[PDB]
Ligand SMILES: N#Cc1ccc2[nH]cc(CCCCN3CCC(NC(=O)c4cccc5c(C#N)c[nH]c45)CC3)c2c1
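Quick setup: one chain, the form deposited without this ligand, written in structure tokens, and binding and motion questions come after.
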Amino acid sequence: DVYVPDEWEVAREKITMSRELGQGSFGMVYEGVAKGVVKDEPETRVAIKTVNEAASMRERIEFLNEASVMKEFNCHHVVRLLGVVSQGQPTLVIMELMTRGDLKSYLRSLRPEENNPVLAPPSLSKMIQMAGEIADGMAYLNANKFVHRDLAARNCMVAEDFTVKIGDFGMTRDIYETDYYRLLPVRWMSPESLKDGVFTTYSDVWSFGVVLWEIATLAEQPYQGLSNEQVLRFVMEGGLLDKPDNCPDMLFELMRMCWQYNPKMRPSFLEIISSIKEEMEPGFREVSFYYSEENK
């Protein structure tokens, strides 16, 4: 209850709303341009989250406080919060623009459609690059004392230059209702989370393993031939996802490491990056949390 304006407050005149991106939790999200949000840059392509005209003051306050969690993060592999327009209406939250949408949407767009030629499935190098970027964003969140609880391809975003980042929170779907069971994302959950409802960085690692499986299958439904109730029993009884068709053993071995029944036996996000750092683009050493002074 109640929102206090801070240093993140940006004047309304600096914001220009253009094309629609999609429906958000509190209202329509638009793309556009912003002045003075990235230092003194006069024109930065941004994503603008809005609150619907018919919403109450409680809903506007809820939107601002929920979005304010992003203020604590400064990572190249996590979607950035750039500004907040709380003074007057429409209520706005300025975000970093990710032109290629969510990773699940991007992976499904790569699937072959009839007769016309198609691009070959993403190469191991391209899959490892995505893996290291997701793991870096997650290693940053864990170091900042956060547990994601909903790590999935649908909750990862793809930038113009194809860089994958940890997406904005609660901005999931609205076309992925099937990925949840009543509330909880059962097909992405660790055996311990399905048992006691407790989530840790170890359960986030389990979910990361499922993200790798999504990349290798081009966002197929995990445990496809099983219902939500069957998934619960299968995973809790020690069941695992099958090795995807044409998936290199190197990528599947990493999935198996994430899928260890004992949460303490799973590798950390830092341990995951360490095993694949040699395969990352040279630029990773300059932009990642892994190589920054913050990782100590």
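Definition used throughout: the rigid core is the maximal C-alpha set that superposes within 1.5 Å between two forms. The first residue of the sequence shown is number 1, and the count goes up from there.
Among the other PDB entries of this protein that were compared and that flank it with modelled residues, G132 is modelled in all, so it is never left out in a third of them. Compared with other deposited structures of the same protein, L119 meets the criterion of being unmodelled in at least one third of those that resolve residues on both sides. Per the record, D196 and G197 are directly connected, as no deposited residue between them is missing from the model. When the mean C-alpha temperature factors of 185-193 and 206-214 are read from the deposited coordinates, 185-193 comes out higher. Comparing the deposited coordinates for 94-102 and 169-177, the stretch with the larger average C-alpha B-factor is 169-177. Out of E113, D136, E160, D150, it is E113 whose C-alpha atom has the highest B-factor in the PDB entry. The entry assigns its greatest Cα B factor, within the set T44, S268, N52, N262, to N52. Among all modelled residues in this chain, the alpha-carbon of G132 has a temperature factor (C-alpha) in the lowest third. Annotation for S109: C-alpha temperature factor in the middle third relative to the rest of the modelled chain, per the entry. Compared with the other modelled residues of the chain, the Cα B-factor recorded for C258 ranks in the lowest third. In the deposited entry, the Cα temperature factor of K14 sits in the top third of values across the chain's modelled residues. Among the modelled residues of its chain, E281 has a C-alpha B-factor that falls in the middle third, as given in the PDB entry.
Another form, the form deposited with this ligand bound, is not on view; read the next lines as being about it.
For the candidate spot formed by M95, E133 and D161, every residue has a non-hydrogen atom within 4.5 angstroms of this ligand in the deposited complex. The closest non-hydrogen atom of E192 lies beyond 4.5 Å of this ligand in the deposited complex. Within this chain, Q129 lines the site of this ligand in the deposited complex, having a heavy atom no more than 4.5 Å away.
Residue contact check for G167: one or more of its heavy atoms lie within 4.5 Å of this ligand in the deposited complex.
Contact annotation: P90 falls outside 4.5 Å of this ligand in the deposited complex, judged by heavy atom distances. Of the candidates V85, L107, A216, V205, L107 is the one whose heavy atoms come within 4.5 Å of this ligand in the deposited complex; the others do not. Partner contact region in the deposited complex: 66-74, out of 264-272, 234-242, 66-74, 250-258, criterion any non-hydrogen atom within 4.5 Å of this ligand.
Considering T172, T217, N142, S207, one residue stands apart with a C-alpha shift of at least 2 Å between the shown form and the other one following superposition on the core, and it is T172. After superposing the rigid core, the Cα of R60 is displaced by 2 Å or more between the shown form and the other one. Relative to this form, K145 and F169 separate from one another in the deposited complex, with their C-alpha atoms ending up at least 3 Å farther apart. Between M138 and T172, the Cα spacing is larger in the deposited complex than in the shown form, differing by no less than 3 Å.
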